[PDB]
Student: 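One structure coming up, written as structure tokens, with questions to follow.
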Amino acid sequence: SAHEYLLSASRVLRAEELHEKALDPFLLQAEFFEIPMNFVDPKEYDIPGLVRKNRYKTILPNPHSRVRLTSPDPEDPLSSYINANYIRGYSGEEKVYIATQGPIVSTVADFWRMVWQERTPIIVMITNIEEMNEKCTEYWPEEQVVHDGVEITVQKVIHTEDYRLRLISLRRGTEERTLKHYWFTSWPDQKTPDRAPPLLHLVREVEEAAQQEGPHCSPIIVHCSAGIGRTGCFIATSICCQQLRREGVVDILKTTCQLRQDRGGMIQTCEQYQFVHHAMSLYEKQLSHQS
Ligand SMILES: N=C(N)Nc1cc(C2CCNCC2)cc(C(F)(F)F)c1
């Protein structure tokens, strides 16, 4: 009955309701704990054989939206597998994002094969610097590296207060591509409203960069550690910004349900759920300040 709940659950919020809702743990908790996680039944996968590709045995990609790696390799039976899902965006548009776990030593090459296959123009990495080499490895070179005949070069490193932006070139055969890599370093320990502005600013900077891709922007890869918590927060904020700007309302509950349908467990905790409301409440204030 979880599928039907996720299809119909909705809580349209107007501006005044949104500011109050963000500061209402009583209403937020009751709403959040009613949402099914939609975790994949482990029977869908050969759990013992995938231990080197999955960070957590209970966090699996929902088969229907799973990102399949089509590049051939007959020697490796796991070359087609990656713990990643296609995520619908604003107005249910298909493949707007890819939510995936932070690459591990054994999945760095798989991650770059996904980047190439999908023609990904933007990668959003959500961490803290103290979590490095643990919650996420440094899968990019200092200057240049070759993965699966794909030359990966870091052309520029742009340091900002809350993120490091890398301009990356990708080359294989006669093809040459560009990539924007946003390494967000200000994910907070405590999801208080004063910590929401860097997340909203990153969301809006990424949106402006996606606009520059023109129509038919290829999937934006978003990753944290398990690829559901912080990833869910970023993506829900990204979708709800477009909804607030175009419809003058936000439906965080419906957005969270659409995310859960695509990948089980998107937005893991009620603190993360409230954080999205804090970010949306702040965006409404920013919009009112130019109105
Ligand atoms: N719709 C897609 N395939 N990509 C995609 C396009 C957009 C643009 C933003 C400007 N309005 C038109 C849509 C924004 C984003 C995102 F916010 F995530 F960054 C992703």
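Along the sequence shown, residues carry numbers from 1. As a basis for the values below, the full set of heavy atoms in this structure was taken, side chains included, without hydrogen atoms, waters or symmetry mates. Atoms within a ligand are numbered from 1 in the order they appear, just like the ligands themselves.
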Student: Is the positively charged end of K95 above the ring of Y86, judged by distance under 6.0 angstrom from the centroid and angle within 45° of the axis?
Tutor: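 Yes.
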Student: Please test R14 against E247 for salt bridge (charged side-chain N to carboxylate O under 4.0 Å, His left out), starting from the C-alpha separation and ending with a verdict.
Tutor: CA-CA 10 Å; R14 280 170 67 166; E247 302 170 33; over 6 Å; no
Student: Please enumerate all residues that pass salt bridge (charged side-chain N to carboxylate O under 4.0 Å, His left out) together with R68, with sequence neighbours excluded.
Tutor: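 Salt bridge (charged side-chain N to carboxylate O under 4.0 Å, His left out) list for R68, sorted by chain: empty.
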Student: Output every pair passing salt bridge (charged side-chain N to carboxylate O under 4.0 Å, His left out) with a member in residues 142-171, not counting sequence neighbours, ordered by first then second residue.
Tutor: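 Listed once each, the pairs are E151-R171.
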Student: Under a 4.0 Å heavy-atom cut-off, what residues line ligand 1?
Tutor: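 Around ligand 1, where the cutoff is 4.0 Å for heavy atoms, the contacting residues are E93, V96, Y97, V206, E207, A210, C217, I220, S238, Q242.
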Student: Show me the pairs that pass salt bridge (charged side-chain N to carboxylate O under 4.0 Å, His left out) and involve residues 270-291, at least two apart or across chains.
Tutor: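 Qualifying pairs, neighbours excluded: none.
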Student: Please state whether the rings of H181 and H223 are parallel, tilted or perpendicular, taking 30° and 60° as the class boundaries.
Tutor: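 Taking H223 first and then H181, their aromatic rings sit tilted (interplane angle of 30° to 60°).
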